[PDB]
Amino acid sequence: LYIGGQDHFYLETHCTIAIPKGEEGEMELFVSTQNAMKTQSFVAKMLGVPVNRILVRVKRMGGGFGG
Amino acid sequence: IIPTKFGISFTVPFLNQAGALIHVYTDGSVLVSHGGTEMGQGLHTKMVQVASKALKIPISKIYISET
Ligand code: XAX
Ligand SMILES: O=C(O)c1ccccc1O
C-alpha cells in the first residue's frame with residue numbers, strides 16, 4: 001500500500017521581516033511561524049551571536065498546519 | 001568647604017517597589033529585563049554587573065536590550 005504526500009497550502013505562505021538594530025548583533029523578527037524558539041536559535045546560530053540578542057514576534061499566521 | 005546629606009527613597013511610600021524579569025535561553029545566554037530606564041547613568045551596566053555576580057557567570061553571557 002502506498003499513500004502520496006500533501007502540500008500544506010496554508011493560504012498565507014512563509015514570510016519574515018528582519019530588523020537589524022545596529023547594536024551588538026541585536027535583531028528583531030516578525031515571522032509567520034509556529035516555532036519562535038527554533039526561529040530565534042537558528043538565527044542566532046547563523047549569525048554567531050548569543051540567543052539573547054534575537055527577538056522573534058508572532059501575531060498570527062494565515063494557517064500553519066505543522067508546515 | 002560645605003557638606004551634604006541627601007535622603008534616599010521616594011517620599012511617596014508606594015513608589016519604592018521594583019520588578020525584574022529574567023530569561024535563560026537554551027544556549028545559556030541570559031536576558032534581563034527590569035523596570036528601570038537608561039539615560040546615561042549606567043543603570044543597565046550596574047544591573048549586568050549584579051546579575052553576573054549573583055549567577056556566578058561572566059558578564060558576556062548577560063544582556064539587557066531595553067525597558
Ligand atoms: N485553522 C487552523 N487550524 C489548525 C491549524 C492551522 O494552521 N489553522 N493547524 C493544526 C495543527 S497541525 Mo501540527 O502537530 O503543528 S502537524 S498541531 C495543530 C493544532 C495546533 O493547535 P492546538 O489545537 O494545539 O492549539 O492546530 C490544528 N488546527
Ligand atoms: O521623594 C522623592 O524623591 C520623589 C521623587 C520622584 C517622584 C516622587 C517622589 O515622591
Side-chain angles (χ1 to χ4, degrees):
Chain A
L1 190 63
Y2 178 74
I3 170 167
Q6 208 181 2
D7 194 72
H8 296 95
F9 220 99
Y10 25 60
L11 255 294
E12 186 211 22
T13 55
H14 285 267
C15 175
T16 291
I17 307 164
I19 315 297
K21 298 300 195 217
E23 317 198 21
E24 290 271 353
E26 290 192 33
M27 199 177 289
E28 181 174 342
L29 290 86
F30 303 95
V31 343
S32 181
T33 179
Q34 301 164 233
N35 191 355
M37 180 200 124
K38 281 311 167 178
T39 308
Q40 182 193 18
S41 294
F42 284 16
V43 168
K45 190 190 204 284
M46 103 79 35
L47 296 163
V49 102
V51 172
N52 65 14
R53 301 310 206 267
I54 311 288
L55 179 34
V56 188
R57 296 171 70 170
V58 185
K59 181 81 174 178
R60 68 176 55 79
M61 284 157 270
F65 312 108
Chain B
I1 185 175
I2 233 139
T4 204
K5 145 167 143 301
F6 193 91
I8 309 298
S9 278
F10 283 93
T11 48
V12 179
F14 75 70
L15 291 173
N16 299 282
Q17 69 182 104
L21 178 70
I22 295 195
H23 305 318
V24 193
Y25 297 98
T26 63
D27 69 332
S29 75
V30 179
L31 178 72
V32 171
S33 174
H34 68 269
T37 64
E38 185 51 64
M39 57 189 101
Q41 84 276 44
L43 179 55
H44 295 327
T45 301
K46 291 177 151 162
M47 285 319 90
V48 163
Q49 286 184 86
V50 161
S52 178
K53 176 160 176 66
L55 293 169
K56 306 172 186 232
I57 66 185
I59 57 161
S60 77
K61 288 168 197 201
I62 302 151
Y63 191 73
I64 304 170
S65 180
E66 78 182 324
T67 313

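Ligands are counted one by one from 1 in listed order, and the atoms in each one are counted from 1 as well. Chain identifiers are assigned alphabetically (A, B, ...) following the order of the sequence lines, protein sequences preceding nucleic acid strands; residue numbering begins at 1 within each chain. Side chains are part of it too, since the values below use all heavy atoms of this structure and drop only hydrogens, waters and symmetry mates.
- Shortest non-hydrogen contact noted between A:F65 and A:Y10 is CE1-CA, 3.9 Å.
- Looking at A:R57, its side chain never comes within 3.5 Å of a backbone N or O of A:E28 through a donor-acceptor pair.
- Shortest contact from atom 8 (N) of ligand 1 to any protein heavy atom: A:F65 CE2, 3.2 Å.
- Checking atom 6 (C) of ligand 1 against the protein gives a heavy-atom contact under 4.0 Å.
- Here the protein heavy atom with the shortest distance to atom 2 (C) of ligand 2 is B:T11 N, 3.4 Å.
- Those atoms of ligand 2 that come under 4.0 Å of a heavy atom in B:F10, given as number and element, are 1 (O), 2 (C), 4 (C), 5 (C), 6 (C), 7 (C), 8 (C), 9 (C).
- Among all non-hydrogen protein atoms, the one lying nearest atom 3 (O) of ligand 2 is B:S9 O, 3.9 Å.
- Protein non-hydrogen atoms do not reach within 4.0 Å of atom 28 (N) of ligand 1.
- Set against the non-hydrogen atoms of B:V12, the atoms of ligand 2 under 4.0 Å away are 10 (O).
- With a 6.0 Å radius and a threshold of 12 heavy atoms from other residues, nucleotides or ligands, B:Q41 has its CD atom above the threshold.
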Carefully, step by step, assess A:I54 and A:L47 under the rule side chain to side chain contact (heavy atoms under 4.5 Å, CB included). CA-CA 10 Å; A:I54 311 288; A:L47 296 163; 3.7 Å; yes

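- Distance check for atom 22 (P) of ligand 1: every protein heavy atom is found at 4.0 Å or beyond.
- For a threshold of 3.5 Å applied to N or O pairs, the pair formed by A:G64 and ligand 1 contains at least one separation below that value.
- For ligand 1, the atoms lying closer than 4.0 Å to a non-hydrogen atom of A:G63 are 7 (O).
- Of the heavy atoms in A:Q34, only side-chain atoms (C-beta onward) come closer than 4.0 Å to ligand 1.
- The line from CG of A:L29 to CD of A:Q40 is 9.5 Å long, rounded to the nearest 0.5 Å.
- Taking a distance limit of 4.0 Å, we find that atom 16 (S) of ligand 1 is approached by some protein heavy atom.
- Residue nearest to atom 13 (Mo) of ligand 1, selected from A:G62, A:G67, A:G66: A:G66 (by heavy-atom distance).
- In this structure, atom 25 (O) of ligand 1 is not in close contact with the protein, since no protein heavy atom lies within 4.0 Å of it.
- Following chains of ILVMFWY side-chain contacts shorter than 4.5 Å, one can reach B:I62 starting from B:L43, so the two form part of one hydrophobic cluster.
- Interatomic distance, B:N16 CG to B:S9 OG, rounded to the nearest 0.5 Å: 4.5 Å.
- Contact annotation for atom 2 (C) of ligand 1: protein present (non-hydrogen atoms, distance under 4.0 Å).
- In this structure, the separation between CD on B:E66 and CG on A:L55 is 7.5 Å, given to the nearest 0.5 Å.
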Please walk me through it: do B:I64 and B:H34 pass side chain to side chain contact (heavy atoms under 4.5 Å, CB included)? CA-CA 9 Å; B:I64 304 170; B:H34 68 269; 4.2 Å; yes

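- Put simply, A:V31 and A:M61 are part of the same group of oily side chains (I, L, V, M, F, W, Y) that touch within less than 4.5 Å, one to the next.
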